[PDB]
Amino acid sequence: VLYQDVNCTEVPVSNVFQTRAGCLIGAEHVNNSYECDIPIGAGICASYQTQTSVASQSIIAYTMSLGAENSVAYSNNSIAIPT
Amino acid sequence: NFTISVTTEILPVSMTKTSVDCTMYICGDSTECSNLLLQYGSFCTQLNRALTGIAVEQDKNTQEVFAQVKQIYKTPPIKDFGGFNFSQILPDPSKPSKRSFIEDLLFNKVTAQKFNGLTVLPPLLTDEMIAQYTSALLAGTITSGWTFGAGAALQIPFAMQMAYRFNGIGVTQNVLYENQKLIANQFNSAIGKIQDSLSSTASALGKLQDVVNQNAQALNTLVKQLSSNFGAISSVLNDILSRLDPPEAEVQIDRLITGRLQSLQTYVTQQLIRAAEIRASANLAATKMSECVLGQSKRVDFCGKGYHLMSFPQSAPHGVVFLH
Amino acid sequence: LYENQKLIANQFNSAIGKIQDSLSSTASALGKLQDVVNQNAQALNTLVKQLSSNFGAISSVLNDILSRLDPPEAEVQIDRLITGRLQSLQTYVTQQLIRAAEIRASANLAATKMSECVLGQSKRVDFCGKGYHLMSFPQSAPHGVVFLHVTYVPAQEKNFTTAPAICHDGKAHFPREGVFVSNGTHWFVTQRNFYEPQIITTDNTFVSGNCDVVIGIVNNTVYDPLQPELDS
Ligand SMILES: *[C@@H]1O[C@H](CO)[C@@H](O[C@@H]2O[C@H](CO)[C@@H](O)[C@H](O)[C@H]2NC(C)=O)[C@H](O)[C@H]1NC(C)=O
Ligand SMILES: *[C@@H]1O[C@H](CO)[C@@H](O[C@@H]2O[C@H](CO)[C@@H](O)[C@H](O)[C@H]2NC(C)=O)[C@H](O)[C@H]1NC(C)=O
Ligand SMILES: *[C@@H]1O[C@H](CO)[C@@H](O[C@@H]2O[C@H](CO)[C@@H](O)[C@H](O)[C@H]2NC(C)=O)[C@H](O)[C@H]1NC(C)=O
Ligand SMILES: *[C@@H]1O[C@H](CO)[C@@H](O[C@@H]2O[C@H](CO)[C@@H](O)[C@H](O)[C@H]2NC(C)=O)[C@H](O)[C@H]1NC(C)=O
Ligand SMILES: *[C@@H]1O[C@H](CO)[C@@H](O)[C@H](O)[C@H]1NC(C)=O
Ligand SMILES: *[C@@H]1O[C@H](CO)[C@@H](O)[C@H](O)[C@H]1NC(C)=O
Ligand SMILES: *[C@@H]1O[C@H](CO)[C@@H](O)[C@H](O)[C@H]1NC(C)=O
Ligand SMILES: *[C@@H]1O[C@H](CO)[C@@H](O)[C@H](O)[C@H]1NC(C)=O
């Protein structure tokens with residue numbers, strides 16, 4: 001469940017994670033980024049993960065990786081030509 | 001003899017993803033009001049559906065116009081661009097985000113609405129990552145030519161890229177090869193002039209300010225319509241509840257609720273047309289982002305007054321700007 | 001192309017096969033058409049469902065109201081019910097016209113894509129599809145069109161040490177179209193979007209000015225084709 005503007009202390013009156021869009025209840029935060037599936041808000045984005053050790057089914061909510069960060073190695077006299 | 005005349009063209013990409021919760025906007029969280037609103041039927045669900053559709057459309061607009069490149073690129077720290085100075089547009093560390101001074105000038109030249117069920121849904125892409133996309137696009141169009149949009153990026157000298165753009169236009173690369181220093185000086189002068197123009201006059205940045213103001217005035221009028229009675233005898237529904245009894249209260253609240261719902265219908269329709277226009281302009285922006293941001297368009301006066309050379313994108317509140 | 005015709009055909013047909021499998025695997029790959037059809041049918045479903053509401057009148061069955069009340073009061077009752085249904089139908093029509101305009105814009109975009117990606121070859125990158133564009137094969141679909149875009153995409157790249165230009169007698173040499181790269185000590189000129197060895201000659205490159213003013217130029221030999229022929 002996703003809440004917008006409650007500051008998440010008012011939810012009961014489980015796991016809570018607060019973003020600029022409010023908090024999620026029952027959400028595993030993951031620092032390890034992923035190109036995500038279901039936009040939530042403020043870039044925070046959620047999906048479902050099948051585990052094998054503890055809680056073999058869970059819902060993760062992570063910061064959205066903008067992509068595989070690649071750094072081209074530019075130089076003044078270095079060109080790349082596709083072969 | 002010629003010149004390079006940088007120019008800014010500004011295009012909105014998305015309005016604010018305004019939402020509505022009917023039960024609390026139309027009805028002052030009352031029981032009889034909720035019963036009557038359900039008695040009108042499935043209007044409220046249709047309204048919330050239209051608004052969430054608009055929100056999804058804004059999300060798709062931003063994602064489709066910006067994230068045309070899969071990998072996020074990193075600008076190499078060194079700056080030996082044959083004399084071209086990109087300090088104003090390349091990311092700067094000490095800024096609060098990985099922004100550039102151009103959008104830092106842009107941000108400041110851009111311009112009650114809650115507790116009434118009007119929840120401003122947060123934008124999906126926050127400003128930091130939009131700036132990250134702009135940085136990646138800039139790095140791709142500087143150090144990889146037009147190739148990185150097509151497939152994988154390719155290490156390309158900047159002089160080579162600009163010379164190939166010349167050759168595509170029709171002027172032969174001999175001109176650039178003989179004038180590199182002068183061309184770099186020309187571009188630096190032009191970027192200084194455009195920096196001064198953006199730092200002095202915001203009258204050019206009319207499109208985004210106008211669309212945001214239009215949305216704000218529409219929402220403000222939507223809120224202000226609550227005070228009106230629409231033929232009813234009291235503005236606040238609670239005052240009607242005070243002494244008026246159900247035999248008369250039913251008809252009174254019927255008039256009031258049909259008026260308020262008609263006002264909300266007008267607002268949602270207005271938002272529908274404005275969002276459609278914004279999405280049309282956003283498809284135009286994306287087609288610009290593809291035609292000459294990731295290349296150069298032999299067609300004239302689409303993305304530049306004159307023979308186009310290149311373009312640099314920059315973010316802005318709810319919009320994008322192009323340095324042609 | 002004539003160096004790799006069979007390879008081109010093989011890749012083409014493997015691509016056709018992967019398209020077959022990708023389409024036949026999951027339904028949501030084809031999403032836009034499903035989105036439009038579902039949106040239209042669901043809006044119409046809401047429209048027809050709206051008839052069940054009394055809109056504040058005595059009931060929703062109009063014939064029941066006709067049987068129940070007298071014309072002097074059925075006047076006001078049916079007035080309320082008809083104005084409610086009229087409002088619902090009106091908002092349905094307005095939203096239908098909104099989506100009609102959206103579909104019309106999409107259809108004009110499709111017309112452009114058909115007249116460019118099919119009736120010709122549009123150089124505009126990322127208009128036909130990812131990468132440079134070659135052609136497109138239109139195919140029908142129930143209330144919609146689908147495009148099979150054929151694209152050229154660089155796959156394997158090797159970086160080389162390159163030079164903006166070269167000068168043989170001080171006068172600078174600029175390629176007619178190529179990039180002065182050097183595999184090893186031997187320089188080579190080749191078109192931008194492929195690798196092709198070429199011994200530097202007068203055909204590949206024109207000569208202008210002198211190489212004092214250009215930047216990054218390298219000293220390199222410029223062979224000539226006329227000399228070996230005139231030797232005899
Ligand atoms: C062509 O025109 C450009 C500008 O239109 C000239 O560039 C100027 O050169 C002077 C040198 O006296 C500099 O002080 C200026 O800063 C340059 N820029 C501008 C905008 O004036 C250039 O000299 C002209 N001639 C050639 C051969 O390029
Ligand atoms: C590009 O222009 C900018 C704007 O002036 C330069 O940034 C500053 O330049 C001054 C001197 O012109 C330096 O004293 C500052 O330290 C610079 N600040 C930063 C944050 O860079 C920049 O140096 C110029 N770059 C090139 C390559 O010319
Ligand atoms: C780079 O590729 C070329 C492609 O043929 C190799 O061949 C050389 O071509 C030049 C032509 O200017 C000859 O002078 C050389 O004798 C060729 N090298 C041979 C036959 O071994 C070239 O060798 C390659 N260089 C490297 C360093 O791999
Ligand atoms: C290409 O060869 C020319 C030969 O003249 C070089 O020019 C001389 O360079 C030396 C330094 O190496 C200077 O002391 C002379 O004054 C230059 N003379 C002339 C007439 O240019 C040139 O430097 C060489 N360039 C490269 C890239 O090797
Ligand atoms: C919640 O409320 C506190 C009140 O002290 C405020 O400081 C905080 O910023 C709010 N939001 C949070 C904790 O995410
Ligand atoms: C995620 O990063 C924060 C940053 O300090 C850290 O406190 C937390 O333990 C990290 N959690 C995981 C699962 O990596
Ligand atoms: C040019 O590139 C070489 C490496 O190929 C490097 O050593 C040199 O410092 C560079 N010089 C300039 C002015 O870019
Ligand atoms: C070519 O690129 C590789 C990485 O892909 C790099 O390790 C190597 O130094 C580069 N060499 C040249 C000559 O650019």
# chains A, B, ... in the order shown; residues from 1 in each chain; ligands from 1

$ select_by_dssp --residues "stretch 107-319 of chain B" --states "helix (DSSP H, G or I)" --output "ChimeraX atom specification"
/B:107-108,127-143,147-150,158-169,173-200,206-224,237-243,246-293

$ write_last_selection --atoms "C-alpha atoms" --output "short mmCIF file (atom, residue, chain, number, x, y, z; two decimals), in the first residue's frame"
data_model
loop_
_atom_site.label_atom_id
_atom_site.label_comp_id
_atom_site.auth_asym_id
_atom_site.auth_seq_id
_atom_site.Cartn_x
_atom_site.Cartn_y
_atom_site.Cartn_z
CA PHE B 107 15.26 27.79 -12.55
CA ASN B 108 14.97 31.22 -10.94
CA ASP B 127 14.70 17.11 -10.92
CA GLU B 128 18.01 15.42 -10.07
CA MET B 129 17.53 12.48 -12.42
CA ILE B 130 16.09 14.67 -15.18
CA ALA B 131 19.32 16.66 -14.92
CA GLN B 132 21.16 13.33 -15.06
CA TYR B 133 19.39 12.47 -18.33
CA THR B 134 20.29 15.90 -19.71
CA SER B 135 23.92 15.37 -18.69
CA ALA B 136 23.98 11.98 -20.40
CA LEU B 137 22.47 13.40 -23.59
CA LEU B 138 24.98 16.26 -23.57
CA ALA B 139 27.89 13.85 -23.11
CA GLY B 140 26.60 11.70 -25.95
CA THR B 141 26.23 14.63 -28.32
CA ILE B 142 29.69 15.98 -27.41
CA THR B 143 31.99 12.97 -27.21
CA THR B 147 26.33 7.66 -33.31
CA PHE B 148 25.41 7.04 -29.67
CA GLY B 149 21.72 7.55 -30.40
CA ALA B 150 21.84 4.90 -33.13
CA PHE B 158 34.95 17.10 -31.27
CA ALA B 159 36.63 18.79 -34.23
CA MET B 160 35.72 15.72 -36.28
CA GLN B 161 32.08 15.92 -35.17
CA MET B 162 31.74 19.61 -35.98
CA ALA B 163 33.54 19.14 -39.32
CA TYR B 164 31.18 16.30 -40.26
CA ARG B 165 28.23 18.51 -39.35
CA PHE B 166 29.65 21.19 -41.66
CA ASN B 167 30.14 18.66 -44.44
CA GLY B 168 26.55 17.51 -43.97
CA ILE B 169 25.33 21.09 -44.29
CA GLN B 173 35.56 20.78 -43.62
CA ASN B 174 38.43 22.90 -44.96
CA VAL B 175 36.67 25.94 -43.47
CA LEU B 176 36.64 24.48 -39.96
CA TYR B 177 40.16 23.12 -40.34
CA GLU B 178 41.39 26.60 -41.25
CA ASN B 179 39.25 28.44 -38.68
CA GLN B 180 39.04 26.20 -35.57
CA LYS B 181 40.27 28.89 -33.16
CA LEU B 182 37.96 31.53 -34.63
CA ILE B 183 35.01 29.13 -34.54
CA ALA B 184 35.67 28.32 -30.89
CA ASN B 185 35.87 32.04 -30.12
CA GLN B 186 32.62 32.60 -32.01
CA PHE B 187 30.82 29.91 -30.04
CA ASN B 188 32.21 31.23 -26.76
CA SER B 189 31.01 34.74 -27.60
CA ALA B 190 27.59 33.38 -28.57
CA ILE B 191 27.27 31.34 -25.38
CA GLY B 192 28.24 34.39 -23.34
CA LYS B 193 25.61 36.48 -25.12
CA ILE B 194 22.90 33.87 -24.58
CA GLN B 195 23.94 33.50 -20.94
CA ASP B 196 23.55 37.26 -20.48
CA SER B 197 20.20 37.25 -22.29
CA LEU B 198 18.87 34.45 -20.08
CA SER B 199 20.28 36.12 -16.95
CA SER B 200 18.64 39.47 -17.81
CA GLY B 206 7.15 32.70 -21.84
CA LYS B 207 5.95 29.23 -22.79
CA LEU B 208 6.60 27.38 -19.52
CA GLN B 209 5.61 30.31 -17.32
CA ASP B 210 2.39 30.71 -19.31
CA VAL B 211 1.43 27.02 -19.19
CA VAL B 212 2.15 26.79 -15.46
CA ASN B 213 0.17 29.99 -14.87
CA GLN B 214 -2.72 28.65 -16.97
CA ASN B 215 -2.82 25.44 -14.94
CA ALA B 216 -2.56 27.38 -11.68
CA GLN B 217 -5.40 29.74 -12.62
CA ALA B 218 -7.58 26.82 -13.73
CA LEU B 219 -7.02 24.99 -10.45
CA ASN B 220 -7.50 28.19 -8.45
CA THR B 221 -10.83 28.83 -10.17
CA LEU B 222 -11.76 25.20 -9.55
CA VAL B 223 -11.15 25.72 -5.84
CA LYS B 224 -12.88 29.12 -5.80
CA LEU B 237 -22.82 22.45 3.05
CA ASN B 238 -22.53 22.26 6.84
CA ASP B 239 -24.60 25.43 7.21
CA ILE B 240 -27.32 23.72 5.17
CA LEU B 241 -27.03 20.68 7.43
CA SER B 242 -27.40 22.95 10.48
CA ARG B 243 -31.17 23.55 10.46
CA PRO B 246 -34.04 16.26 4.87
CA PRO B 247 -37.36 17.05 3.09
CA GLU B 248 -35.82 20.34 1.92
CA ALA B 249 -32.15 19.48 2.49
CA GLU B 250 -32.33 16.75 -0.16
CA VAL B 251 -33.35 19.19 -2.90
CA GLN B 252 -31.01 21.92 -1.64
CA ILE B 253 -28.00 19.60 -1.59
CA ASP B 254 -29.10 18.18 -4.95
CA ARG B 255 -28.86 21.62 -6.53
CA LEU B 256 -25.57 22.34 -4.78
CA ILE B 257 -23.96 19.02 -5.70
CA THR B 258 -25.07 19.14 -9.33
CA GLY B 259 -23.55 22.61 -9.57
CA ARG B 260 -20.28 21.56 -7.97
CA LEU B 261 -20.07 18.42 -10.10
CA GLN B 262 -20.72 20.45 -13.24
CA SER B 263 -17.87 22.78 -12.25
CA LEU B 264 -15.57 19.81 -11.68
CA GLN B 265 -16.62 18.42 -15.07
CA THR B 266 -15.69 21.69 -16.75
CA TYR B 267 -12.32 21.69 -14.98
CA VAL B 268 -11.51 18.10 -15.96
CA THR B 269 -12.47 18.76 -19.57
CA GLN B 270 -10.22 21.83 -19.65
CA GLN B 271 -7.40 19.73 -18.21
CA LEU B 272 -8.04 17.08 -20.86
CA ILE B 273 -7.63 19.52 -23.75
CA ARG B 274 -4.62 21.23 -22.18
CA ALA B 275 -2.95 17.87 -21.52
CA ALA B 276 -3.62 16.78 -25.10
CA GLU B 277 -2.03 19.97 -26.40
CA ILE B 278 0.94 19.48 -24.07
CA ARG B 279 1.36 15.89 -25.25
CA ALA B 280 1.30 17.07 -28.86
CA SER B 281 4.01 19.61 -28.04
CA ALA B 282 5.85 16.84 -26.18
CA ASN B 283 5.84 14.58 -29.22
CA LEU B 284 7.20 17.58 -31.11
CA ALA B 285 9.89 17.93 -28.44
CA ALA B 286 10.79 14.24 -28.65
CA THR B 287 10.99 14.41 -32.43
CA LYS B 288 13.33 17.38 -32.00
CA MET B 289 15.27 15.35 -29.42
CA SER B 290 15.71 12.66 -32.08
CA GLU B 291 16.14 14.70 -35.27
CA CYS B 292 19.01 17.02 -34.33
CA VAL B 293 19.92 16.50 -30.67
#

$ interface_residues --of "chain B" --to "chain A" --cutoff "6 Å" --atoms "only C-alpha atoms" --output "list in words"
residues 70, 71, 72, 73, 74, 124, 125, 126, 154, 155, 156 and 157 of chain B

$ write_last_selection --atoms "C-alpha atoms" --output "short mmCIF file (atom, residue, chain, number, x, y, z; two decimals), in the first residue's frame"
data_model
loop_
_atom_site.label_atom_id
_atom_site.label_comp_id
_atom_site.auth_asym_id
_atom_site.auth_seq_id
_atom_site.Cartn_x
_atom_site.Cartn_y
_atom_site.Cartn_z
CA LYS B 70 19.59 3.58 -22.51
CA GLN B 71 22.98 3.97 -20.82
CA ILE B 72 23.56 7.04 -18.66
CA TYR B 73 26.78 8.64 -19.83
CA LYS B 74 29.58 10.26 -17.84
CA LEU B 124 7.73 10.49 -11.30
CA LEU B 125 11.07 11.88 -12.46
CA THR B 126 12.53 14.20 -9.84
CA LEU B 154 31.89 5.80 -30.29
CA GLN B 155 34.90 7.85 -29.24
CA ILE B 156 34.87 10.80 -31.65
CA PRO B 157 37.02 13.95 -31.57
#

$ residues_around --residues "residue C:122" --least-positions-apart "5" --cutoff "12 Å" --atoms "only C-alpha atoms" --output "list in words"
residues 291, 297, 298 and 299 of chain B; 112, 113, 114, 115, 116, 117, 127, 128, 129, 131, 132, 133, 134, 135, 136, 149, 150 and 151 of chain C

$ atom_distance --atom1 "atom 15 (C, counted along the ligand's line) of ligand 3" --atom2 "atom CA of residue C:214"
28.2 Å

$ residues_near_ligand --ligand "ligand 4" --cutoff "10 Å" --atoms "only C-alpha atoms and all ligand atoms" --output "list in words"
residues 166, 167, 168, 169, 170, 211, 212, 215, 216, 217, 218, 219 and 220 of chain C

$ residues_near_ligand --ligand "ligand 8" --cutoff "6 Å" --atoms "only C-alpha atoms and all ligand atoms" --output "list in words"
residues 78 of chain A; 159, 160 and 161 of chain C

$ write_last_selection --atoms "N, CA, C and O atoms" --output "CSV table (one decimal), in the first residue's frame"
chain,number,residue,atom,x,y,z
A,78,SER,N,41.7,10.0,-30.6
A,78,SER,CA,41.2,8.6,-30.4
A,78,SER,C,39.8,8.5,-31.0
A,78,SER,O,38.9,9.0,-30.3
C,159,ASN,N,38.7,1.0,-31.6
C,159,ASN,CA,39.3,2.3,-31.5
C,159,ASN,C,40.6,2.4,-32.2
C,159,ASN,O,41.5,1.5,-32.0
C,160,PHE,N,40.9,3.5,-32.9
C,160,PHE,CA,42.1,3.7,-33.6
C,160,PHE,C,42.7,5.1,-33.3
C,160,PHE,O,41.9,6.0,-33.0
C,161,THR,N,44.0,5.3,-33.4
C,161,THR,CA,44.6,6.6,-33.4
C,161,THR,C,44.3,7.3,-34.7
C,161,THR,O,44.7,6.8,-35.8

$ closest_atom_pairs --of "chain B" --to "ligand 7" --cutoff "10 Å" --atoms "only C-alpha atoms and all ligand atoms" --output "tab-separated table"
residue	atom	partner	partner_atom_place_in_ligand_line	distance
B:78	CA	ligand 7	14 (O)	9.1
B:79	CA	ligand 7	14 (O)	8.5
B:80	CA	ligand 7	14 (O)	5.2
B:81	CA	ligand 7	14 (O)	7.7
B:82	CA	ligand 7	14 (O)	7.5
B:83	CA	ligand 7	13 (C)	9.5
B:157	CA	ligand 7	14 (O)	9.8

$ write_last_selection --atoms "C-alpha atoms" --output "CSV table (one decimal), in the first residue's frame"
chain,number,residue,atom,x,y,z
B,78,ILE,CA,39.1,16.9,-19.1
B,79,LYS,CA,38.1,19.7,-21.4
B,80,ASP,CA,40.3,19.9,-24.5
B,81,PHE,CA,37.4,20.5,-26.9
B,82,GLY,CA,39.6,22.2,-29.5
B,83,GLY,CA,38.9,25.5,-27.9
B,157,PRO,CA,37.0,14.0,-31.6

$ residues_near_ligand --ligand "ligand 2" --cutoff "7 Å" --atoms "only C-alpha atoms and all ligand atoms" --output "list in words"
residues 79, 85, 86, 87 and 88 of chain B

$ write_last_selection --atoms "N, CA and C atoms" --output "PDB file, in the first residue's frame"
ATOM      1  N   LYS B  79      38.705  18.845 -20.372  1.00  0.00           N
ATOM      2  CA  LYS B  79      38.051  19.709 -21.353  1.00  0.00           C
ATOM      3  C   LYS B  79      39.115  20.243 -22.317  1.00  0.00           C
ATOM      4  N   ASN B  85      34.400  25.887 -25.114  1.00  0.00           N
ATOM      5  CA  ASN B  85      34.213  25.891 -23.669  1.00  0.00           C
ATOM      6  C   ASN B  85      32.764  25.541 -23.350  1.00  0.00           C
ATOM      7  N   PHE B  86      32.556  24.368 -22.755  1.00  0.00           N
ATOM      8  CA  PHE B  86      31.226  23.891 -22.404  1.00  0.00           C
ATOM      9  C   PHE B  86      30.941  24.008 -20.913  1.00  0.00           C
ATOM     10  N   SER B  87      31.639  24.905 -20.214  1.00  0.00           N
ATOM     11  CA  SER B  87      31.485  24.996 -18.766  1.00  0.00           C
ATOM     12  C   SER B  87      30.048  25.306 -18.380  1.00  0.00           C
ATOM     13  N   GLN B  88      29.384  26.166 -19.151  1.00  0.00           N
ATOM     14  CA  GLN B  88      28.044  26.603 -18.785  1.00  0.00           C
ATOM     15  C   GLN B  88      27.026  25.476 -18.901  1.00  0.00           C
TER      16      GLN B  88
END

$ residues_near_ligand --ligand "ligand 3" --cutoff "8 Å" --atoms "only C-alpha atoms and all ligand atoms" --output "PyMOL selection string"
chain C and resi 182-188+197-199

$ write_last_selection --atoms "N, CA, C and O atoms" --output "mmCIF file, in the first residue's frame"
data_model
loop_
_atom_site.group_PDB
_atom_site.id
_atom_site.type_symbol
_atom_site.label_atom_id
_atom_site.label_comp_id
_atom_site.auth_asym_id
_atom_site.auth_seq_id
_atom_site.Cartn_x
_atom_site.Cartn_y
_atom_site.Cartn_z
ATOM 1 N N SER C 182 44.925 5.160 -38.173
ATOM 2 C CA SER C 182 46.162 4.407 -38.353
ATOM 3 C C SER C 182 46.042 3.113 -37.557
ATOM 4 O O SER C 182 46.082 3.134 -36.323
ATOM 5 N N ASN C 183 45.877 1.998 -38.272
ATOM 6 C CA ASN C 183 45.938 0.692 -37.628
ATOM 7 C C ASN C 183 47.222 0.543 -36.826
ATOM 8 O O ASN C 183 47.185 0.360 -35.604
ATOM 9 N N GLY C 184 48.364 0.629 -37.498
ATOM 10 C CA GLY C 184 49.653 0.694 -36.843
ATOM 11 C C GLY C 184 50.393 1.940 -37.277
ATOM 12 O O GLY C 184 49.925 3.060 -37.051
ATOM 13 N N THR C 185 51.554 1.759 -37.898
ATOM 14 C CA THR C 185 52.275 2.854 -38.531
ATOM 15 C C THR C 185 51.634 3.280 -39.846
ATOM 16 O O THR C 185 51.813 4.427 -40.270
ATOM 17 N N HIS C 186 50.865 2.401 -40.479
ATOM 18 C CA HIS C 186 50.238 2.675 -41.765
ATOM 19 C C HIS C 186 48.922 3.398 -41.524
ATOM 20 O O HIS C 186 48.026 2.857 -40.868
ATOM 21 N N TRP C 187 48.806 4.612 -42.053
ATOM 22 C CA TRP C 187 47.557 5.349 -41.944
ATOM 23 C C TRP C 187 46.532 4.811 -42.933
ATOM 24 O O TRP C 187 46.872 4.146 -43.915
ATOM 25 N N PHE C 188 45.263 5.109 -42.667
ATOM 26 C CA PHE C 188 44.172 4.641 -43.507
ATOM 27 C C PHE C 188 43.010 5.616 -43.427
ATOM 28 O O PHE C 188 42.796 6.273 -42.406
ATOM 29 N N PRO C 197 39.967 -0.358 -45.151
ATOM 30 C CA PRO C 197 41.329 0.111 -45.419
ATOM 31 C C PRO C 197 41.424 0.752 -46.791
ATOM 32 O O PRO C 197 40.818 0.290 -47.761
ATOM 33 N N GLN C 198 42.201 1.828 -46.866
ATOM 34 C CA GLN C 198 42.402 2.553 -48.114
ATOM 35 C C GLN C 198 43.746 3.257 -48.043
ATOM 36 O O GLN C 198 43.970 4.071 -47.142
ATOM 37 N N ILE C 199 44.635 2.938 -48.980
ATOM 38 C CA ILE C 199 45.914 3.630 -49.056
ATOM 39 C C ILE C 199 45.667 5.074 -49.468
ATOM 40 O O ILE C 199 44.930 5.346 -50.425
#

$ decode --residues "stretch 70-116 of chain C" --atoms "C-alpha atoms" --output "compact mmCIF listing (two decimals), in the first residue's frame"
# COMPACT_ATOMS: atom_id res chain seq x y z
CA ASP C 70 -49.20 10.86 -13.37
CA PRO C 71 -48.08 13.13 -16.23
CA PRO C 72 -48.33 16.34 -14.13
CA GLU C 73 -45.63 14.94 -11.79
CA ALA C 74 -43.95 12.56 -14.20
CA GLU C 75 -43.13 15.88 -15.86
CA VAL C 76 -40.67 16.90 -13.14
CA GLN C 77 -39.52 13.34 -12.37
CA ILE C 78 -38.66 12.51 -15.98
CA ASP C 79 -37.20 16.01 -16.30
CA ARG C 80 -34.66 15.18 -13.60
CA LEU C 81 -33.92 11.73 -15.00
CA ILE C 82 -33.51 12.97 -18.59
CA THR C 83 -31.26 15.85 -17.58
CA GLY C 84 -29.08 13.37 -15.70
CA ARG C 85 -28.83 10.98 -18.64
CA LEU C 86 -28.23 13.93 -20.97
CA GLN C 87 -25.34 15.14 -18.82
CA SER C 88 -23.81 11.66 -18.77
CA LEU C 89 -24.15 11.22 -22.53
CA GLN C 90 -22.73 14.70 -23.09
CA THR C 91 -19.60 14.05 -21.05
CA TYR C 92 -19.23 10.71 -22.82
CA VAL C 93 -19.41 12.44 -26.20
CA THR C 94 -16.87 15.08 -25.19
CA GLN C 95 -14.41 12.46 -23.96
CA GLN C 96 -15.04 10.43 -27.11
CA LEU C 97 -14.14 13.46 -29.21
CA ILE C 98 -11.00 14.00 -27.11
CA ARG C 99 -9.85 10.46 -27.81
CA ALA C 100 -10.87 10.88 -31.45
CA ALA C 101 -8.55 13.88 -31.75
CA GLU C 102 -5.77 11.92 -30.05
CA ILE C 103 -6.26 9.01 -32.46
CA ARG C 104 -6.31 11.46 -35.37
CA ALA C 105 -2.93 12.84 -34.30
CA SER C 106 -1.59 9.30 -33.99
CA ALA C 107 -2.97 8.50 -37.44
CA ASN C 108 -1.23 11.50 -38.98
CA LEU C 109 1.99 10.38 -37.30
CA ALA C 110 1.41 6.92 -38.78
CA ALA C 111 0.85 8.46 -42.21
CA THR C 112 4.18 10.27 -41.93
CA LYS C 113 5.93 7.09 -40.77
CA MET C 114 4.38 5.16 -43.66
CA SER C 115 5.27 7.78 -46.26
CA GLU C 116 8.84 7.96 -44.96
